[PDB]
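We've got the same protein chain twice here, in two forms, each standing alone as structure tokens: structure 1 and structure 2.
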Structure 1
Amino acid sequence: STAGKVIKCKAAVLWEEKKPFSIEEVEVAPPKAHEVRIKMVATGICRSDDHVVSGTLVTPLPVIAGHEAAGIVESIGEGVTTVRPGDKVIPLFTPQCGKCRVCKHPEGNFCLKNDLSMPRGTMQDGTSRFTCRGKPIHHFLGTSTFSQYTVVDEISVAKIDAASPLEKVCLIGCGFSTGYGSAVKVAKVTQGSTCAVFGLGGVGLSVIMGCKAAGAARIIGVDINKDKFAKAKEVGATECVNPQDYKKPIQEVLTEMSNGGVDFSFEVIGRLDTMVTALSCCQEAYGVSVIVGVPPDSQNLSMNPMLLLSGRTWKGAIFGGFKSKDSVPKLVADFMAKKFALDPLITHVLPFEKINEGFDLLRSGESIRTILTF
């Protein structure tokens, strides 16, 4: 009924860095060819959304942020073949065009159509579907889920199980899949190995889930906020350490705890120094370290390449290394088959209009994932 028409709805607009989100009346254009308009049902608050506010992550402003979500297709543009009105969908902040060199590669998932590398904050066609008082509002990662309605390119949406609980599976759109895949797909954590996980937020907890599912014997959680430790243990951490408790550097502590270095480490915070620390604390000859955290824009780390020459492997990934359109439906199906739990990540549930409270909670350290509902 609203198909082919402009929709007037509420969205959370970020006009300036370091300000609250502003709930505004926006207009959402109808989808053009190969585009999909989605009615949002739930969206998670991910630290990466906060990075937009803080200036950690640079993207064109003003902007509708939000990238971890699930909704129902309101309508489709001409030529769309992979979803239909009424379908449950998860937007993909990393697209899967299926045609680029990366999409064709067996392991690669960072599709060249992504709006992450050099953000334009638009649809694939270089334009915006959002206006606020006649002013164009930028998109974010081709998703923009902090809105009652959004429009995405077809390559940035996956159809999921019609019976799926959107208020939970929205986490598969970023936090869970990133964390879990970083362990299971990128690191390829082995049975009986020792792992160290730096950062015990939503993503780091999902890394622990992945390490536990892979059969790691030891999973050492590292966080400067000790209130994070109880949930870390609940999901599989065998021990937790707070660097603030020690008079010495935590890589030393972890090297002694692990009798010469860990098998697998993960940086799930977004700091240069913890990226170097995580690399150092893996075993010098065969250890692997995976960067998951997003560091501050344009900042370089300093490291000694002898750390690598001895035989360490250092790698990073987006979205847990999952080819997004292929994997998101299977991860939902796996959730339905009770292969993993999502409830441990959800600490708060708030209506969408309370977005700023949701971010206050994240920033204060009290929440893991707040789910915003419509």
Structure 2
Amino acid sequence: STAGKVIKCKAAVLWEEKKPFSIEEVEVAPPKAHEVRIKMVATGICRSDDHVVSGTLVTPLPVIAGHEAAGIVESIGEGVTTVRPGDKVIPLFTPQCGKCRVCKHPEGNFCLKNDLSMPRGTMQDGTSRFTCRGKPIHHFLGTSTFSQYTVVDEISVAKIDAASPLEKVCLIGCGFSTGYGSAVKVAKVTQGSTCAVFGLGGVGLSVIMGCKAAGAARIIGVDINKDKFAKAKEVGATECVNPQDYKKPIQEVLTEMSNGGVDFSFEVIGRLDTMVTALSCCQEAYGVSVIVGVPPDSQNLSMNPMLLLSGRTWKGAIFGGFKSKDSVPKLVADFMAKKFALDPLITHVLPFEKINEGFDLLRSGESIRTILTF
């Protein structure tokens, strides 16, 4: 029907920092070589999208944001082989080009073609496929999922099982994989181990599920909001601790409770102080602490390097350490085989045109995850 033609559809456009998203009629050019055009079925609202709004995550404006989605391939440009029209897909904010020294490395996943480091707001060829009233609109992280239709480079899209439910599995595009991979791929949580998870929003819940899939014996959820504990326990936390209940510092409580420190700690709040507390509460000799997110305007933290010298390991990663194009389809296969449950993460579902309401829910802390549906 619409292959090789411009498509007019609606998108949420951010014209300037600190303003609401405007629903606009936009033109979406046909995909050029190695590009795929996708019809969006559902998209998650993530913190990172809010950082674009606030000017924290610097990216050229005006922009169509959104990076956590699923959809259906509408058409493919010249020389696309990995996907076909009608295939279900997940766009990847971390590409997997397969060629660079990161993609060749057994451990790396932060592909050198990413648009995160020095953002240009373009496709890989350096132009945009979006216009609004003749004016070009930037892409975001080579995904731009706040549009009924989007164009993405083939290196940034993963084919998933034909029978997948898209309203759930869009979370595999960011929040779930980030948390789950942090435990299963970055930390390599072992059977029988003790884990502590600082922050019980969506990504901390996903870390907990990863710790549980890896066979942790004890998983201690830490959060200053007691309302988060009920869901943390439902997905696998064996205990929950609220640092405001104590007279002593939380790392001293966690070191007492785990008889000398936890095997794996995970920082998923994004706060400087809690990064350092998380490192300290892991066992001095062989503890691993993983930093799951960092706000993109963070200052320096302050840390005594003696924490590392006994044998601790501090690490970070993007997208849970997963090589994106390889892993996403296998995570979706595991969901289809019922190995984990995404529904506890989904607290609100809104139609796309209520995007600004979605962001309010995110800003206020009522939501674990809001999904927008098209």
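Please note that residue numbering is based on structure 1, beginning with 1 at the start of its sequence. The term rigid core refers to the most C-alpha atoms you can superpose between the two forms while keeping them within 1.5 Å.
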query: 2 Å-or-more CA mover between the two structures, where superposition uses the core and the choices are 86, 249, 79, 98; finding: 249
query: Rigid-core-superposed Cα shift at residue 298 between the two structures, Å; finding: 5.8
query: Core superposition result - C-alpha of residue 190, shift between the two structures, Å; finding: 1.2
query: Per-residue CA shift, residue 209 (Å; core superposed between the two structures); finding: 0.1
